[PDB]
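All remarks here apply to the structure that follows.
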Amino acid sequence: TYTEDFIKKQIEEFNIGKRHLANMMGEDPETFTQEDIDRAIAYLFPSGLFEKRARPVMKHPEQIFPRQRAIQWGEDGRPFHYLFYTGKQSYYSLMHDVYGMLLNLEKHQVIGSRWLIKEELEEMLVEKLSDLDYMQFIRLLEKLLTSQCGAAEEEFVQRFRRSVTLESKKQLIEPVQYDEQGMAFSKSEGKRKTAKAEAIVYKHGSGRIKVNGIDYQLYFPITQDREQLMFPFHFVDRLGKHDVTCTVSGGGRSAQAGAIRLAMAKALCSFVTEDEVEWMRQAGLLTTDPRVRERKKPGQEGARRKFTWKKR
Amino acid sequence: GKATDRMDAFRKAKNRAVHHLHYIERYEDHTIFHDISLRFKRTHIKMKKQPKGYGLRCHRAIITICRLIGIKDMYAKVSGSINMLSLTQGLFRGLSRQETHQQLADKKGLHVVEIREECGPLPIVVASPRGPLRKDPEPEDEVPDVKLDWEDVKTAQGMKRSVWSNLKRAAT
Amino acid sequence: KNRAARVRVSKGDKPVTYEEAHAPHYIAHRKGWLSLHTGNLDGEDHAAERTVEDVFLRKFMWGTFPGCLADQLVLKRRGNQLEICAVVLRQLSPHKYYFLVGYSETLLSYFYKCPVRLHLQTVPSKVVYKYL
Amino acid sequence: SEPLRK
Amino acid sequence: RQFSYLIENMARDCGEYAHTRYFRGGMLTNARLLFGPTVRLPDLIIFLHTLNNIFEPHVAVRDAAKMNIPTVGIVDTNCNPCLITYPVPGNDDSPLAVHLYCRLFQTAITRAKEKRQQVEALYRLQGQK
Amino acid sequence: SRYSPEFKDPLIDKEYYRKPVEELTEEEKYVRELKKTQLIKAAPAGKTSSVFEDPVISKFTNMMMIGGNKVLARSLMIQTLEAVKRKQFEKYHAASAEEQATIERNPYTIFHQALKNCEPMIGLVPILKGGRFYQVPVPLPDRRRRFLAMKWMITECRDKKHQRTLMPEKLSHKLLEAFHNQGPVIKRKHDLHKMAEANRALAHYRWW
RNA sequence: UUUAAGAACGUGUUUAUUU
RNA sequence: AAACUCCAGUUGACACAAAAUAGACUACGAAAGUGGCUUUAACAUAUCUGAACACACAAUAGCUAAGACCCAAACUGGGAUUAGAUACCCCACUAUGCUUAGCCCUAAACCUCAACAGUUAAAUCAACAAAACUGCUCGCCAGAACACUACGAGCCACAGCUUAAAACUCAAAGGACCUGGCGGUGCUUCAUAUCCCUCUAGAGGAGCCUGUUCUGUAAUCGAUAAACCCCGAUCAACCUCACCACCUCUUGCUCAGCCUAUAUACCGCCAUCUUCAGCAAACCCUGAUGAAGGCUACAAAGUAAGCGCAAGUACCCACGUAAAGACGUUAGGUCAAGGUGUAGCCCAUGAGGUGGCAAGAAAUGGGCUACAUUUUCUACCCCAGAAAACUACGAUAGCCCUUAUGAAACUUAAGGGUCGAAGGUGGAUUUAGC
Ligand SMILES: [K+]
Ligand SMILES: [K+]
Ligand SMILES: [K+]
Ligand SMILES: [K+]
Ligand SMILES: [Mg+2]
Ligand SMILES: [Mg+2]
Ligand SMILES: [Mg+2]
Ligand SMILES: [Mg+2]
Ligand SMILES: [Mg+2]
Ligand SMILES: [Mg+2]
Ligand SMILES: [Mg+2]
Ligand SMILES: [Mg+2]
Ligand SMILES: [Mg+2]
Ligand SMILES: [Mg+2]
Ligand SMILES: [Mg+2]
Ligand SMILES: [Mg+2]
Ligand SMILES: [Mg+2]
Ligand SMILES: [Mg+2]
Ligand SMILES: [Mg+2]
Ligand SMILES: [Mg+2]
Ligand SMILES: [Mg+2]
Ligand SMILES: [Mg+2]
Ligand SMILES: [Mg+2]
Ligand SMILES: [Mg+2]
Ligand SMILES: [Mg+2]
Ligand SMILES: [Mg+2]
Ligand SMILES: [Mg+2]
Ligand SMILES: [Mg+2]
Ligand SMILES: [Mg+2]
Ligand SMILES: [Mg+2]
Ligand SMILES: [Mg+2]
Ligand SMILES: [Mg+2]
Ligand SMILES: [Mg+2]
Ligand SMILES: [Mg+2]
Ligand SMILES: [Mg+2]
Ligand SMILES: [Mg+2]
Ligand SMILES: [Mg+2]
Ligand SMILES: [Mg+2]
Ligand SMILES: [Mg+2]
């Protein structure tokens with residue numbers, strides 16, 4: 001337990017220690033934000049522990065100590081709330097207010113938004129909640145929206161909705177560059193297993209590819225490997241129109257092709273339309289393949305295989 | 001009290017008994033008001049009222065309960081199943097359903113007179129009704145139709161021979 | 001079951017310290033190292049002699065300050081120096097602490113042939129992380 | 001188990 | 001559940017309390033653990049419906065008699081008044097009767113609260129002079 | 001797998017994206033709009049958008065590979081296609097005027113038809129009933145019978161009866177026989193059909 | 001209503017300032 | 001399978017046998033018992049209880065005598081199953097089940113709840129069952145077993161029924177419940193490399209390497225169903241080393257020592273269920289204050305610290321793999337890592353030196369290499385040329401030689417030469433993998 005007087009004494013130690021920490025580092029105590037405290041505590045008390053919640057921290061007591069409910073009865077002993085003896089005066093005072101607004105409507109007559117999660121509702125109510133209790137409250141809110149809710153009602157419902165940052169699965173085009181001669185090209189990078197490739201694709205060419213200074217058909221004797229190099233250009237009907245100059249390092253025979261295929265495709269996205277770039281994405285030409293070799297375990301012959309098991 | 005360790009079971013039972021307390025009425029603060037005879041499940045307890053100085057002649061468990069209540073003198077005989085938990089649940093049951101002298105007068109609106117051999121024929125008024133005293137007497141009954149106990153009748157007739165009754169024991 | 005450096009749960013009446021409450025799989029995630037030197041770094045030498053010195057120091061100080069250590073030691077090496085940092089209790093008299101600081105600092109300097117310094121931090125009672 | 005036989 | 005809103009409003013208007021929701025075990029007998037050791041339990045409980053939703057006596061009727069709290073109850077023809085201190089035999093189903101009970105208890109309580117403020121003011125005024 | 005359940009399999013079809021919007025149905029149009037949001041797996045090296053890609057021949061090659069040696073398995077596949085091609089040209093030049101109109105020289109058309117002539121219609125399942133096993137006829141799914149045809153062709157060639165005979169010449173000989181509804185692989189299919197007819201009364205032993 | 005399907009030695013497992 | 005095949009099916013003729021539906025009715029009779037149709041006769045007592053001194057009845061089975069015979073059927077025979085099958089399954093047939101005349105007189109003859117009268121309030125009430133009691137009367141029972149037995153007596157009963165003890169023996173037997181476990185226990189939903197089916201490569205066959213078991217030797221110990229078997233050992237030519245033989249020392253490298261007994265005295269570090277999700281302090285309540293138990297969300301007594309899971313962190317993320325994984329279970333492993341309780345040795349169960357054993361008739365686990373043509377050799381590191389069945393494919397084996405390490409090598413390793421064996425894809429069975 002931490003009282004209100006105790007918290008008030010912690011607020012005074014942070015303010016004083018916040019002025020000392022600026023005197024150490026030579027900063028202005030006035031314009032000393034919390035971002036500068038975290039940077040100065042990491043220089044003076046360097047900890048490389050992987051868990052960031054186990055490193056030295058000097059924050060504001062309102063962010064360290066958990067929020068605690070105020071006292072619910074006075075000296076005489078009478079509680080301050082009429083729903084006290086329920087044990088959930090905050091949860092039921094909310095359900096009573098919502099159900100009272102649904103009676104008024106009957107009388108006188110989303111992409112970014114997401115319903116508040118359970119763990120985020122307890123903080124608002126400072127109450128411990130079950131799962132089935134969370135669902136009941138969500139059912140009234142949805143029922144409130146269907147009805148012709150007034151302006152004041154919308155503001156209430158928006159206290160229990162949280163915005164969502166919708167990511168965009170749209171490839172990032174590379175900036176087209178120009179060489180000394182004036183030819184346009186675009187550079188990208190690919191990675192397959194341990195192979196890493198840098199590809200330079202010229203805007204105009206006669207379908208020539210050179211890997212590490214060697215023509216592609218000599219560097220890749222196997223037909224399968226050359227098929228991979230052809231896949232990006234064939235899909236967009238651009239065979240015999242560009243000149244590629246790449247450099248692949250590491251990996252093996254087939255891993256270097258997939259690494260080159262990916263770089264050529266990424267750099268080929270600058271000389272094509274957006275609709276084609278989306279098609280290349282839906283075909284698996286712009287995605288880095290995460291399948292890498294798995295480690296062997298002790299007590300096993302391989303990553304997943306086991307030693308021969310004898311029952312008797 | 002129930003628990004895995006014996007020291008933890010003593011606390012639960014002790015601290016939980018004060019919240020289930022009875023109040024037992026006593027005649028002159030040394031014994032009960034009348035003879036009690038009940039049966040809790042299979043366990044029979046037949047307590048009797050006795051005068052001062054008789055002492056406690058009852059089951060060792062009842063001796064320990066009575067001292068807690070404050071009953072100095074009373075006789076009790078346990079029969080049937082001697083189970084410490086039914087013996088206790090029945091003892092507290094009969095000691096709470098006993099009718100005092102004041103309730104009896106109020107019930108019948110008559111004087112409760114005490115007759116003692118030591119005080120001769122003197123009638124001692126122990127309780128009188130608070131309300132209107134009835135003017136008519138109780139109809140005298142030629143023969144009462146009250147169920148008797150062969151154990152008590154066999155003793156009054158000098159027929160209950162036992163080499164274990166009326167033994168010299170320590171003070172209780 | 002695994003047992004190394006684990007304090008088995010109990011009814012809830014057993015106090016434990018922070019270091020004593022975390023197992024070996026937390027040594028670089030929620031704990032640090034009680035000894036800090038260069039022996040165990042790549043290309044470095046004399047990791048075996050620095051270990052025998054540590055084992056002896058933790059026992060010398062446990063029997064030199066009997067019943068006074070509140071938590072494990074923290075050995076630190078900066079070149080030739082050897083810094084012993086200890087958390088001790090406040091039962092013993094300061095007169096006797098100053099005696100043992102000078103007796104140990106001196107005895108260990110002549111044994112290991114290095115300047116040795118001892119840093120005490122008194123606490124009223126053994127700090128408790130939680131109760132198991 | 002049942003005793004061994006000779 | 002039909003009259004849960006009406007009752008919660010009455011308690012708020014008359015500065016009193018209400019418990020119309022699911023009654024968790026130990027709200028009275030084990031209160032100090034749920035709320036706190038210095039909690040103050042009710043001195044009077046008023047049952048507008050002595051039954052639960054499965055047509056059985058409310059657990060509070062028995063838990064109140066354990067904690068020595070007097071109970072007032074509106075018992076219908078299918079209820080048990082044995083443990084209710086001041087029972088009131090009357091209909092507990094129709095809405096036209098529930099509004100009456102609430103209106104009567106809301107008034108009797110509001111009067112007494114104001115009746116004491118007049119008695120105290122007189123004593124305080126008379127006491128000084 | 002290192003992919004999450006959110007990742008979706010890619011569509012290498014090249015003529016699907018080219019479809020005009022006017023042809024897109026209400027349901028199909030919705031599908032295309034959805035894929036923009038979803039994540040996509042990386043296309044594997046096996047399949048490309050080429051015009052000569054044959055999924056049936058890529059699967060048969062994978063069933064012949066041994067120890068991850070795809071360069072050698074694919075080498076044997078093309079040699080067989082070339083050997084089947086040369087044998088038909090030799091039979092086409094030495095044929096009569098009207099016999100050359102019924103001689104197929106495309107090895108792919110021969111490979112697909114040979115495997116289709118080996119697919120069994122029904123199979124057998126050992127059902128344990130009364131401490132005994134029974135060969136109960138069962139309708140095989142479309143995939144099962146396609147896999148059995150491949151496995152039987154590869155198993156017959158791998159037989160030891162053939163001595164110092166290379167796989168491309170063995171497989172090519174079987175494909176022609178099957179293409180003509182001859183050879184042992186077909187007999188293996190007929191034997192399965194003859195054992196299911198004798199055990200036809202045991203069909204009731206099946207519950208599914 | 002739907003095959004068969006045996007056997008497993010004897011004891012021991014809970015209190016009180018220089019000068 | 002046997003049996004039948006003067007069998008089967010349709011139709012017609014055709015009972016001394018047995019009595020669908022109605023019956024979801026609940027009646028008759030003292031009980032036993034009685035369910036097709038009709039007719040005759042007929043179902044005691046104007047208070048109750050009342051015969052184990054009598055009388056009359058009493059399912060089925062069974063005895064005696066004479067008849068009938070569709071079907072069923074003990075017994076028996078045959079077929080099958082099984083380690084055996086005097087049984088369960090199939091076929092056939094007999095006593096018997098039916099009628100008539102007599103006997104026999106038993107039953108879980110149990111609705112295990114006596115007859116007549118009456119009550120529903122009080123203490124309703126051990127538990128379970130089919131709620132708890134009063135009055136009156138008769139009958140019956142007094143620890144278990146010996147014993148529905150022996151003797152005696154009675155009976156149309158003769159291997160019988162009825163009535164019915166004792167000696168020796170035991171300290172329990174018995175009735176009803178809580179919890180858990182188990183079930184060749186039911187219903188439903190599932191398993192995802194997992195149970196079945198289904199996919200891929202293997203093991204079990206040969207040779208070699210290596211461990212173990214047996215045997216052998218003067219010559220370690222330990223692990224040794226799952227959860228041992230290239231395990232303690234990321235390691236034994238001397239050393240290591242604790243074993244054997246021989247010899248030697250005695251306050252002994254140690255303010256001694258012991259790889260001596262006890263892992264069924266333990267710490268320490270672990271295996272296992274765990275490829276689980278539960279453990280549980282402290283309070284409350286239910287069961288009449290019993291062992292115990294504690295949920296229904298349109299909510300019916302549960303609230304719960306803490307541990308674990310989860311969450312976090314590590315590796316290339318949000319995935320996956322690691323790590324983690326409680327309380328307990330197997331007195332599971334280890335006194336030979338070290339430490340240590342109890343016990344034991346102290347001219348020896350301690351210490352040191354020299355030398356030496358660690359093998360194979362035999363069986364088996366694991367692995368390696370192969371039996372070849374998707375192969376073998378060379379170049380190359382993927383557009384080649386040759387080889388291809390008694391000079392092929394195929395030993396890391398044997399033999400010989402050389403070298404490396406070391407004080408020490410028929411012994412360890414490496415290489416060369418020589419040698420060219422089994423083996424022709426492997427029985428029942430069996431392992432791993434998304
Ligand atoms: K019965
Ligand atoms: K094999
Ligand atoms: K083998
Ligand atoms: K093997
Ligand atoms: Mg592998
Ligand atoms: Mg583990
Ligand atoms: Mg009502
Ligand atoms: Mg036997
Ligand atoms: Mg047994
Ligand atoms: Mg009579
Ligand atoms: Mg009789
Ligand atoms: Mg009879
Ligand atoms: Mg007969
Ligand atoms: Mg017959
Ligand atoms: Mg037979
Ligand atoms: Mg017959
Ligand atoms: Mg019969
Ligand atoms: Mg009967
Ligand atoms: Mg009877
Ligand atoms: Mg009678
Ligand atoms: Mg007896
Ligand atoms: Mg009998
Ligand atoms: Mg007899
Ligand atoms: Mg006789
Ligand atoms: Mg051994
Ligand atoms: Mg052993
Ligand atoms: Mg052992
Ligand atoms: Mg192993
Ligand atoms: Mg040796
Ligand atoms: Mg030696
Ligand atoms: Mg020794
Ligand atoms: Mg032993
Ligand atoms: Mg053990
Ligand atoms: Mg793990
Ligand atoms: Mg976890
Ligand atoms: Mg053991
Ligand atoms: Mg050769
Ligand atoms: Mg050799
Ligand atoms: Mg040499």
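Going by the structure tokens order, chains are called A, B, ..., each with residues numbered from 1, while ligands are numbered from 1 in the order shown.
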Need the shell around residue 83 (chain E): protein/DNA/RNA residues with any atom at most 8 Å away, counting only C-alpha atoms (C1' of nucleotides). Skip same-chain ones fewer than 4 positions apart. Format as a PyMOL selection string? chain E and resi 61-62+65
Next, dump the selected residues to file, keeping only C-alpha atoms, as a short mmCIF file (atom, residue, chain, number, x, y, z; two decimals), in the first residue's frame.
```cif
data_model
loop_
_atom_site.label_atom_id
_atom_site.label_comp_id
_atom_site.auth_asym_id
_atom_site.auth_seq_id
_atom_site.Cartn_x
_atom_site.Cartn_y
_atom_site.Cartn_z
CA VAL E 61 -32.06 -12.90 3.91
CA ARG E 62 -30.04 -15.64 5.60
CA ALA E 65 -29.77 -12.77 10.09
#
```
Neighbouring residues of ligand 7 are defined here as those with any atom at most 6 Å from a ligand atom, counting only C-alpha atoms (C1' of nucleotides) and all ligand atoms; list them as a PyMOL selection string. chain E and resi 76+91-93
Residue subset to file, keeping C-alpha atoms, as a JSON list (two decimals), in the first residue's frame:
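Final output, again_7.json:
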```json
[["chain", "number", "residue", "atom", "x", "y", "z"],
["E", 76, "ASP", "CA", -45.76, -12.43, -2.09],
["E", 91, "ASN", "CA", -47.74, -8.08, -4.74],
["E", 92, "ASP", "CA", -44.11, -7.90, -5.88],
["E", 93, "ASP", "CA", -44.60, -8.43, -9.62]]
```
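If you count only C-alpha atoms (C1' of nucleotides) and ignore residues fewer than 6 places along the chain from region 8-12 of chain G, what sits within 9 Å of it is residues 1, 2 and 3 of chain D.
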Written selection (N, CA and C atoms) as a compact mmCIF listing (two decimals), in the first residue's frame:
```
# COMPACT_ATOMS: atom_id res chain seq x y z
N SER D 1 5.52 -59.46 -8.99
CA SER D 1 5.40 -60.48 -10.06
C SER D 1 5.39 -61.89 -9.48
N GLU D 2 4.89 -62.84 -10.25
CA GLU D 2 4.88 -64.22 -9.80
C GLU D 2 6.31 -64.71 -9.61
N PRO D 3 6.59 -65.50 -8.57
CA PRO D 3 7.97 -65.95 -8.36
C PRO D 3 8.50 -66.71 -9.57
```
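With only C-alpha atoms (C1' of nucleotides) and all ligand atoms as the atoms that count, the set of residues no farther than 8 Å from ligand 23 is residues 148, 149 and 161 of chain H.
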Please, which residues have at least one atom within 8 Å of an atom of ligand 3, using only C-alpha atoms (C1' of nucleotides) and all ligand atoms, listed as a PDB file with N, CA and C atoms (P, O5', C5', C4', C3', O3' and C1' of nucleotides), in the first residue's frame?
```
ATOM      1  P     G H 204      20.275 -53.207 -39.041  1.00  0.00           P
ATOM      2  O5'   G H 204      19.238 -54.336 -38.612  1.00  0.00           O
ATOM      3  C5'   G H 204      19.054 -54.681 -37.247  1.00  0.00           C
ATOM      4  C4'   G H 204      17.947 -55.690 -37.084  1.00  0.00           C
ATOM      5  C3'   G H 204      18.038 -56.920 -37.974  1.00  0.00           C
ATOM      6  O3'   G H 204      18.894 -57.918 -37.442  1.00  0.00           O
ATOM      7  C1'   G H 204      15.851 -56.023 -38.081  1.00  0.00           C
ATOM      8  P     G H 205      20.327 -58.214 -38.107  1.00  0.00           P
ATOM      9  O5'   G H 205      20.168 -59.670 -38.732  1.00  0.00           O
ATOM     10  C5'   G H 205      19.126 -59.957 -39.651  1.00  0.00           C
ATOM     11  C4'   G H 205      19.662 -60.538 -40.933  1.00  0.00           C
ATOM     12  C3'   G H 205      21.142 -60.298 -41.197  1.00  0.00           C
ATOM     13  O3'   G H 205      21.976 -61.241 -40.546  1.00  0.00           O
ATOM     14  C1'   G H 205      19.903 -59.709 -43.115  1.00  0.00           C
ATOM     15  P     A H 206      23.386 -60.787 -39.924  1.00  0.00           P
ATOM     16  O5'   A H 206      24.296 -60.503 -41.198  1.00  0.00           O
ATOM     17  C5'   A H 206      24.647 -61.551 -42.087  1.00  0.00           C
ATOM     18  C4'   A H 206      25.647 -61.091 -43.117  1.00  0.00           C
ATOM     19  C3'   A H 206      26.896 -60.415 -42.572  1.00  0.00           C
ATOM     20  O3'   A H 206      27.882 -61.341 -42.150  1.00  0.00           O
ATOM     21  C1'   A H 206      26.001 -59.120 -44.337  1.00  0.00           C
TER      22        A H 206
END
```
Give me, as a count of residues only, the residues of chain C touching chain H, with the criterion being at most 8 Å (counting only C-alpha atoms (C1' of nucleotides)). 11
Can you pull out every residue with an atom within 12 Å of ligand 1? Use only C-alpha atoms (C1' of nucleotides) and all ligand atoms and format it as an MDAnalysis selection string. chainID H and resid 107:113
Neighbours of chain A in chain F at 9 Å, counting only C-alpha atoms, as JSON, numbers by chain: {"F": [1, 2, 3, 8, 9, 10, 11, 12, 13, 14, 17, 35, 36, 37, 38, 39, 40, 41, 42, 43, 44, 45, 46, 47, 48, 49, 50, 71]}
Take the residues from that selection and put them in a file with N, CA and C atoms, as a PDB file, in the first residue's frame.
```
ATOM      1  N   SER F   1       6.216 -23.366 -39.251  1.00  0.00           N
ATOM      2  CA  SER F   1       6.722 -22.551 -40.386  1.00  0.00           C
ATOM      3  C   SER F   1       7.138 -21.171 -39.900  1.00  0.00           C
ATOM      4  N   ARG F   2       8.062 -20.546 -40.627  1.00  0.00           N
ATOM      5  CA  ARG F   2       8.512 -19.208 -40.279  1.00  0.00           C
ATOM      6  C   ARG F   2       7.559 -18.128 -40.769  1.00  0.00           C
ATOM      7  N   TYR F   3       6.531 -18.493 -41.526  1.00  0.00           N
ATOM      8  CA  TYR F   3       5.478 -17.562 -41.891  1.00  0.00           C
ATOM      9  C   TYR F   3       4.358 -17.620 -40.862  1.00  0.00           C
ATOM     10  N   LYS F   8      -0.451 -15.195 -46.904  1.00  0.00           N
ATOM     11  CA  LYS F   8      -1.229 -15.946 -47.873  1.00  0.00           C
ATOM     12  C   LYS F   8      -0.326 -16.462 -48.985  1.00  0.00           C
ATOM     13  N   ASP F   9      -0.743 -17.565 -49.595  1.00  0.00           N
ATOM     14  CA  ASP F   9       0.030 -18.143 -50.679  1.00  0.00           C
ATOM     15  C   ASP F   9      -0.056 -17.248 -51.914  1.00  0.00           C
ATOM     16  N   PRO F  10       1.013 -17.146 -52.697  1.00  0.00           N
ATOM     17  CA  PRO F  10       0.988 -16.275 -53.873  1.00  0.00           C
ATOM     18  C   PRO F  10       0.327 -16.944 -55.069  1.00  0.00           C
ATOM     19  N   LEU F  11      -0.143 -16.101 -55.984  1.00  0.00           N
ATOM     20  CA  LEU F  11      -0.762 -16.536 -57.231  1.00  0.00           C
ATOM     21  C   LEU F  11       0.163 -16.160 -58.380  1.00  0.00           C
ATOM     22  N   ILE F  12       0.846 -17.161 -58.943  1.00  0.00           N
ATOM     23  CA  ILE F  12       1.791 -16.916 -60.030  1.00  0.00           C
ATOM     24  C   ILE F  12       1.113 -16.778 -61.383  1.00  0.00           C
ATOM     25  N   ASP F  13      -0.192 -17.031 -61.464  1.00  0.00           N
ATOM     26  CA  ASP F  13      -0.900 -16.907 -62.731  1.00  0.00           C
ATOM     27  C   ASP F  13      -0.711 -15.512 -63.313  1.00  0.00           C
ATOM     28  N   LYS F  14      -0.249 -15.460 -64.561  1.00  0.00           N
ATOM     29  CA  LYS F  14       0.042 -14.194 -65.219  1.00  0.00           C
ATOM     30  C   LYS F  14      -1.165 -13.619 -65.946  1.00  0.00           C
ATOM     31  N   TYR F  17      -4.160 -11.449 -63.408  1.00  0.00           N
ATOM     32  CA  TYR F  17      -4.095 -10.016 -63.151  1.00  0.00           C
ATOM     33  C   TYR F  17      -4.481  -9.208 -64.382  1.00  0.00           C
ATOM     34  N   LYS F  35      -6.822  -8.697 -51.283  1.00  0.00           N
ATOM     35  CA  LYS F  35      -5.440  -9.161 -51.322  1.00  0.00           C
ATOM     36  C   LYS F  35      -4.456  -8.019 -51.116  1.00  0.00           C
ATOM     37  N   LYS F  36      -4.841  -6.797 -51.487  1.00  0.00           N
ATOM     38  CA  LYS F  36      -3.944  -5.660 -51.318  1.00  0.00           C
ATOM     39  C   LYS F  36      -3.530  -5.502 -49.862  1.00  0.00           C
ATOM     40  N   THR F  37      -4.444  -5.793 -48.935  1.00  0.00           N
ATOM     41  CA  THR F  37      -4.151  -5.637 -47.516  1.00  0.00           C
ATOM     42  C   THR F  37      -3.359  -6.813 -46.960  1.00  0.00           C
ATOM     43  N   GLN F  38      -3.603  -8.018 -47.465  1.00  0.00           N
ATOM     44  CA  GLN F  38      -2.994  -9.209 -46.897  1.00  0.00           C
ATOM     45  C   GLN F  38      -1.511  -9.286 -47.243  1.00  0.00           C
ATOM     46  N   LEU F  39      -0.778 -10.022 -46.416  1.00  0.00           N
ATOM     47  CA  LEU F  39       0.617 -10.334 -46.677  1.00  0.00           C
ATOM     48  C   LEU F  39       0.715 -11.563 -47.572  1.00  0.00           C
ATOM     49  N   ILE F  40       1.835 -11.667 -48.279  1.00  0.00           N
ATOM     50  CA  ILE F  40       2.038 -12.708 -49.276  1.00  0.00           C
ATOM     51  C   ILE F  40       3.369 -13.396 -49.017  1.00  0.00           C
ATOM     52  N   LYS F  41       3.389 -14.712 -49.195  1.00  0.00           N
ATOM     53  CA  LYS F  41       4.622 -15.470 -49.077  1.00  0.00           C
ATOM     54  C   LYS F  41       5.505 -15.240 -50.300  1.00  0.00           C
ATOM     55  N   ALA F  42       6.784 -15.567 -50.148  1.00  0.00           N
ATOM     56  CA  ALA F  42       7.723 -15.472 -51.253  1.00  0.00           C
ATOM     57  C   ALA F  42       7.565 -16.677 -52.166  1.00  0.00           C
ATOM     58  N   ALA F  43       7.509 -16.426 -53.466  1.00  0.00           N
ATOM     59  CA  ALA F  43       7.328 -17.507 -54.420  1.00  0.00           C
ATOM     60  C   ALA F  43       8.516 -18.462 -54.350  1.00  0.00           C
ATOM     61  N   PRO F  44       8.289 -19.773 -54.313  1.00  0.00           N
ATOM     62  CA  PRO F  44       9.412 -20.715 -54.291  1.00  0.00           C
ATOM     63  C   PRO F  44      10.070 -20.828 -55.658  1.00  0.00           C
ATOM     64  N   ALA F  45      11.265 -21.421 -55.652  1.00  0.00           N
ATOM     65  CA  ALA F  45      12.041 -21.568 -56.877  1.00  0.00           C
ATOM     66  C   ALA F  45      11.441 -22.588 -57.833  1.00  0.00           C
ATOM     67  N   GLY F  46      10.602 -23.497 -57.338  1.00  0.00           N
ATOM     68  CA  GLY F  46      10.093 -24.559 -58.191  1.00  0.00           C
ATOM     69  C   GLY F  46       9.291 -24.039 -59.368  1.00  0.00           C
ATOM     70  N   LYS F  47       8.369 -23.117 -59.107  1.00  0.00           N
ATOM     71  CA  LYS F  47       7.402 -22.668 -60.097  1.00  0.00           C
ATOM     72  C   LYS F  47       7.674 -21.225 -60.495  1.00  0.00           C
ATOM     73  N   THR F  48       7.585 -20.957 -61.792  1.00  0.00           N
ATOM     74  CA  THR F  48       7.699 -19.621 -62.355  1.00  0.00           C
ATOM     75  C   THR F  48       6.465 -19.324 -63.200  1.00  0.00           C
ATOM     76  N   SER F  49       6.459 -18.145 -63.820  1.00  0.00           N
ATOM     77  CA  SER F  49       5.381 -17.735 -64.708  1.00  0.00           C
ATOM     78  C   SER F  49       5.684 -18.035 -66.170  1.00  0.00           C
ATOM     79  N   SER F  50       6.633 -18.927 -66.438  1.00  0.00           N
ATOM     80  CA  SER F  50       6.975 -19.266 -67.807  1.00  0.00           C
ATOM     81  C   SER F  50       5.802 -19.968 -68.488  1.00  0.00           C
ATOM     82  N   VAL F  71      19.091 -31.267 -59.636  1.00  0.00           N
ATOM     83  CA  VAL F  71      19.771 -31.111 -60.916  1.00  0.00           C
ATOM     84  C   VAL F  71      19.803 -32.436 -61.663  1.00  0.00           C
TER      85      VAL F  71
END
```
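Using only C-alpha atoms (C1' of nucleotides) and all ligand atoms, residues with at least one atom at most 9 Å away from any atom of ligand 36 are residues 263, 264, 331, 332 and 333 of chain H.
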Nearby residues, ligand 25, 10 Å, only C-alpha atoms (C1' of nucleotides) and all ligand atoms, as a PyMOL selection string: chain H and resi 211-213+220-224
For chain A, work out the contacting residues on chain E at 12 Å, counting only C-alpha atoms, and write them as number ranges by chain. E: 1-2, 4-28, 31-43, 45
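Inspection of the environment of ligand 15, which uses only C-alpha atoms (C1' of nucleotides) and all ligand atoms and a cut-off of 9 Å, identifies the neighbouring residues as residues 77, 78, 79 and 86 of chain H.
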Near residue 116 (chain C), within 10 Å and counting only C-alpha atoms (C1' of nucleotides), which residues show up once chain neighbours fewer than 6 positions away are dropped, as JSON, numbers by chain? {"C": [77, 80, 81, 82, 83, 84, 104, 105, 106, 107, 108, 109, 110]}
Dump the neighbourhood of ligand 37 as a count of residues only: all residues within 12 Å, distances computed on only C-alpha atoms (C1' of nucleotides) and all ligand atoms. 12
